[PDB]
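Just so it is clear, A, B, C, D, E, F, G, H, I, J, K, L, M, N and O label the chains in written order, and each chain counts residues from 1 on its own.
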Amino acid sequence: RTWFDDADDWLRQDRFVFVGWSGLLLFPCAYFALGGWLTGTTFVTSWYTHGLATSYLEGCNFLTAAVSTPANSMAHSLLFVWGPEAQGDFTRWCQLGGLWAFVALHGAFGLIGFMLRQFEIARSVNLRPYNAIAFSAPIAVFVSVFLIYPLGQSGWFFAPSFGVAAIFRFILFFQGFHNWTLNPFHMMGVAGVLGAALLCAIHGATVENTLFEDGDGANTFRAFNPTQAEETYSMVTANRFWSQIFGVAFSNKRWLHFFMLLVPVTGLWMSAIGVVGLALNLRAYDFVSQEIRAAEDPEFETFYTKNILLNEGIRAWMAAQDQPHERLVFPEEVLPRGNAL
Amino acid sequence: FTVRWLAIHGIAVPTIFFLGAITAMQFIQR
Amino acid sequence: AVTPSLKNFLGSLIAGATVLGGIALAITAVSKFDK
Amino acid sequence: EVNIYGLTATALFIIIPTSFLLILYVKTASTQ
Amino acid sequence: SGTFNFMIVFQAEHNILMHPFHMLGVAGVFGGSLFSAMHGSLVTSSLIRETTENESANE
Amino acid sequence: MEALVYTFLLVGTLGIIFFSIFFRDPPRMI
Amino acid sequence: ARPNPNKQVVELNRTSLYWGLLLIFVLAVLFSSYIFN
Amino acid sequence: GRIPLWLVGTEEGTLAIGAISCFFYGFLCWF
Amino acid sequence: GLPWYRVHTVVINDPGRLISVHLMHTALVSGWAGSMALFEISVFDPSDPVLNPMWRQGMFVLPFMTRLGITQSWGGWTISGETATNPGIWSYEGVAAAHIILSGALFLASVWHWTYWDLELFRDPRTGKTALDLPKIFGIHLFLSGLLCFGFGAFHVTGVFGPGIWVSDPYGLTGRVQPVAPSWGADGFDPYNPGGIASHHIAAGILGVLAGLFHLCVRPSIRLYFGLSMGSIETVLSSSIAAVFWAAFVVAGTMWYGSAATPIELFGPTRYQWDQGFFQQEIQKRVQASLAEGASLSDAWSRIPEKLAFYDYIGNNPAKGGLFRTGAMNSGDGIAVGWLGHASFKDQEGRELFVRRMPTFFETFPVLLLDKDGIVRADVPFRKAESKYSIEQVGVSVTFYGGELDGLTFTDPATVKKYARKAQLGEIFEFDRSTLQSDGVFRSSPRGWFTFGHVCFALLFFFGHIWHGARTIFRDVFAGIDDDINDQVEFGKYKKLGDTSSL
Amino acid sequence: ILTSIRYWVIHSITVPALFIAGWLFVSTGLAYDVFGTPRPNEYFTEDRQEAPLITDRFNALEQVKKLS
Amino acid sequence: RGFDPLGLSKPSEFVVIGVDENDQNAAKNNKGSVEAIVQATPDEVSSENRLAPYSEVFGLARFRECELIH
Amino acid sequence: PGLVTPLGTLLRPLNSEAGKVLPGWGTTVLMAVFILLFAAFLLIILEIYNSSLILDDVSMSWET
Amino acid sequence: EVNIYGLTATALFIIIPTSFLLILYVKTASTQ
Amino acid sequence: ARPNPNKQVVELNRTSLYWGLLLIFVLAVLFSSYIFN
Amino acid sequence: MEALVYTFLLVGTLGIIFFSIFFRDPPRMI
């Protein structure tokens, strides 16, 4: 009829790929995040902000390449190409670490476009939208570690760089400054992740193992009609199996796949809440009781009071080359030595 | 043109450029 | 009283409108071509 | 020093949702 | 609290993160979580209706 | 004081494990 | 209609009873050390 | 007929193995 | 048989009972308001607002009453320190008791609708069903919100008929409650201008009244009507949760970064002032300005207020807290009793050896001694064997200027190392670690806990919004697919996904 | 995925053109000036034997050219 | 004087869409009804109700009075 | 045939207009204009608050 | 000194028979 | 007989609910001052 | 501290009085 009708005819015409009303967001706003990450890992140095030569052009490998965060003096600016820090001078913008703020803040909309594309195909093909609500959890994770954590903590410099050997620096950064280990929200997170990795292997090694009998040869992959009104695995038999070995066992394969949906997103949301609490520097650092008892009684020495005395050894050694904008050079007497280990 | 034409070309067109760049980096006679 | 920040700023509100107009023209150039 | 409020918070967080679930379970299993 | 004092000292003496087997295992656990959430999404999103919209969807 | 709270919570978790294993509803047929 | 035509019944089976009680005690076991500090 | 897909894939595999061998050779003593 | 997590779905289609539970929720929120106000009055100590402010005590809802101008209690004491004669009706206890009376009144109002839910307003008078006219309801509510916004901005903020709001010295010394002149130029968008907050609501309420009358008059298109499912009710919930968590990040960001809405004399400082070096730079400038006149050290340093020197201390930085370190900054490490004064560390020649301040991340930062340039000249060694730069070997003395221990000098290293480890923190204050039984580790602030709650609840309302936005649109396939999903799931044969415009 | 022979004029000729362009884009050293990354003797100047330290915010365009 | 570039006094009708199936006792609830009713031919007759007497805003039988009072 | 109050007689024309919604587009394009202006307004105040857009009367000095 | 044991005893003596009576009342009024 | 022929139902009406709750709170109000001492 | 416990107990007793008066079962006929 009118406008917004032929534009709905097309964008919903079917081809090999599927561009849609939010594919019009997803395909342009992403793919430049991929190009910018590849460009920063291949061509672009980090000599000026950090002090680290981290490009393919400067001898680094696939493990040790990273699009690096800007310096601390670029406190919380958005770091546009044009504007008050680069003025459109593209070479100086790439030198000042604007590529990280390009890729992160540009793919934050890529996640939104992808979840809306996932939400739009589920309306096109008339299905229930449970595939959409699961992908909200890695969006929560991405926002929590790349977006909310550098905002309230004096710099984009204190953010995990887009790399492989830089994520490791970020992990040891939390392990030696924040003690992210003792966070109960992180306990929730590892329980969700590792239990989902459990239950995947359980279900996969159960379903095709209590399988029915349809074919002739021992290759049981060739005996499945995709247009089938029967089953392909004996629910009664697997129930009796796991009931007699393990005790409690499922009986409702609605609830089974819903539980597989529910575990890792619960883990990742309950990790995102703790990453927020760490962004505000409400860290799960030392307690009251064992510390006031160990200051009094010398020979106490729990693994707790060894982890604290080890994290101090992390934080006093790595900082003087991790963050040069502090401008501190420790003398060797100040460092935690350990009496000639 | 075609969306398939675009999705074939526009991804893999800079790829040979970057691969030639990486091979030149590797054959830098340092 | 326009600062250089506002100077280089208003070109972005130009440029985003040009990008969305290019999207709309890319829609019209093939959509009503086919139909 | 142990908390004045900690054991009260622990006992309350035990007993309140426990009783909340027991009410619903007994109401459910009453009919069937 | 003893598990982490094993892990950190193991990183100190053996550098477990810079080891290609360990990255394969990280890919294993993350892919396992991805595939569990993905399959549990794509099956629960296609349940044939047998009940109403007031009671449980598991009956 | 708090050690008794710790022990009570662990023993209660194990008790709920016990009742969940042995006093479940029977998974019944057709 | 003066009596409510939408009086409906809640339902909670034994499986959900065990899940809820196990969730509450596991949350207690985890957070109790940090609450007591 | 045409050049078959297995003979295409064999040559693609050899042209991948050669580039990966040059990657290891530039990994060992080059930068 | 309903599951436990959808038991409130029996009032999707019962609007009087919906109003009843709206009223009960409002009554519970007001009850929390009154009870927290009374508890915070009963805990609060007005004994010295110079060294023991509100935010050291962990006080939470009283620096909002003091923010909007409630500055007097029935005991006669006020906030700034003096006493005022007439408390009037509206004191702190009066505000709390008024909220308790609101709680009871809204309770009794909540009973009536669910007792009598079946009236004739909630009945479509044309055909005889139970509907409600959502764009006109929205026009009414937007009109009411515009009226209250305009009245608040015109009268109560600017002091036309109201008493005004807290507008303070930016350097945090002499804040008070004031009527505000609304500024209309470009300085109204600077958030450190309370004239911007004044001129905000004047425009905001007027535009809200205009839009509300617009929605009362006109009616929407059928295109947007089916595109947003405006006949359904739960689209309003999905939109409202979205608007609420958009508001939450704003009220968390302004609280954390500091604005005219959150004064430092009611919430303590912010963390960015520490590593920008705000109070230290201001104190050293106002010292060198007096020393350039011809004044001496002991009468130059002794002119800085304690309410200025108290913000040069890392224990009031709200980023040195802890999640399970409950309580308040008094129970953290004591009550601010005395200020000892500025300390100077002089070597065997006369050089003022400076002390490197502690950064934010470092819990136990080791003690160094810088020169005037940045070269380390002394330390407190962690290992005691082959120490070259120890204070016992160098011989660094400490001299005081200003404060309680003014005009004193120490050379003994057992005391010099103590004051070095304490002057590492900032300025030197003598506390009371005996009365409230503190433990000597730092706490957080009401600037911190507000931020924590309003980012966590924002992030949870994000997920709640995604869930209701899915469940609003997917109402027909809410409890399962139909039995007859067609063969339109093929790849390439049907050249359009289900839509029937041109196949 | 197997329908391709197409020994094509536009396809098969332009690929080594891009390959040699990417080769010369590094071997001529133009990429160093395009993206500003230093060359193996351009890290340390004689007046500055350390990693650079970007100090101030608003004059960074004037400061980085000094740091070059 | 024949003054309508906007046409705010137009006699245009109003497409009436019924209420959706908001009865969650049973499965398969539905949505509104597209081109259902005869679109409710608008009238500007003054009623007796003290709240909104004219029963529509866009009409001469309100706009004459609004213009005269203003 | 429900319950009748004087407010039940008063507020009924407010709950009368059930479904009278316009055919065609209506004020949709004007709505889109206001939405784009509101987005530009938020972009203005965001870049001012970030001080990526330096003005004359805006101090940003924590000082007034 | 206040009985920190005593406040827990007060809260327990409130909550336990209250929940005990609520279970029986909801089980009773479920059927009728 | 393997199912129990003596499964019987407890019953507690609203009058007894109010009596029990009033008894528990009156006992609390009386003894609380002596417990806190 | 204990004053809040006292006040909570008195207010709860008055609340049970209120619900007993107004939300009782109706005493019904034959």
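Quick note on the criterion: contacts are C-beta pairs under 8 Å (C-beta built on N, C-alpha and C of every residue); 3 or more make two chains touch, one makes a residue touch a chain.
These are the chains along with the protein names UniProt gives them: A = Photosystem II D2 protein; D, M = Photosystem II reaction center protein M; F, O = Photosystem II reaction center protein T; G, N = Photosystem II reaction center protein L; I = Photosystem II CP47 reaction center protein; J = Cytochrome b559 subunit alpha; L = Photosystem II reaction center protein H.
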item	value
Number of steps on the shortest touching-chain route linking chain A and chain F	1
From chain C, the most remote chain by mean C-alpha position	N
CA centroid of chain I to CA centroid of chain J, Å	47
Whole-Å separation of chain centres (CA-atom averages), chain G against chain O	26
Distance from the mean Cα position of chain G to that of chain A, given in whole angstrom	31
Geometric centre distance via CA averages, chain F-chain B, whole Å	61
Per-residue multi-chain contacts in chain G, two or more chains	8-14, 16, 18, 21, 25, 28, 32, 34-37
Touching two or more other chains - residue numbers and ranges from chain J	26, 31
Sites on chain E at which at least two other chains make contact	46-47, 49, 51-57
Chain G to chain F touching residues, read off their complex	13-15, 18, 21-22, 25-26, 28-29, 32-33, 36
Partner chain E, residues of chain K touching it in the complex	24-29
Footprint of chain G on chain I - complex, ascending	1-4, 7, 10-11, 13-14, 117-118, 323-326
Chain B residues within the chain H interface of the complex	23, 26-28, 30
In the complex with chain A, residue positions of chain F that touch it	20-21, 24, 27, 29
